[PDB]
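Just the one chain here, laid out as structure tokens, in the form deposited in one PDB entry.
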């Protein structure tokens, strides 16, 4: 047939596009209790909620979000039309937002520069400079009630609550497991299909996501940051050194309940215990 609206990937068959559109369904757990439309975050659902309010608003037809001013909606719609109406009058490069062009202008001469007093950061307006300057005074206005940790925004504070709640709203339809982030469900669903889009130029191995590719590459790079102060051996990961440190005291903290043998790391004990079972 053709492609998808959300992702846009071509499809040989219609049944392939439909079995693919169903993957978006798991990524959007915030469903409107009045019309069913679903969204990846409560913030975005709240944008959609305005269509059910008697107050005027301006809905985008293509994804059901609405705004309190027509100018907001029209600017927003450029995400769908792909228009880049703000052109650098000097080098010609085109951007979707005036805010993007403003930042880009610092790369050319004569821009208005908002330089940090205390480091080499520079910004295009005072509000951005001001927000950055909080990182020098240490002010983090949004504080977590459970642990006290401070955050730059209520969004970041919201996101961090996952450590206390364990909530996993993003559900896999094939196996049922839940995830804290839609991006991890996406990665998980790539693992189901063997869809490994990130490839290592040196050996060719493919991975489902950037972080697994990145750590893998350290084997080729020799990048072993954790060094043992006692014997000088280096490792890729903090927890190998941690286990190595143990190797020095000879502490085998894992013992088999059935036969009494002891092990240095839990995955040797765990492997050992399937000999019984």
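Numbering follows the first chain given and starts at 1. For the two forms, the rigid core is made up of the largest set of C-alpha atoms that agree within 1.5 Å on superposition.
Another form exists, deposited in another entry; not displayed. Remarks below refer to it.
Rigid-core fit between this form and the one not shown: of 102, 133, 168, 161, the one residue whose Cα shifts 2 angstroms or more is 133. Annotation: Cα of residue 250 displaced by at least 2 Å between this form and the one not shown, core superposition. Remark: with the core as the superposition reference, the CA shift of residue 203 between this form and the one not shown stays below 2 Å. Positional change of residue 118 between this form and the one not shown reaches 2 Å or more at the C-alpha, relative to the superposed core.
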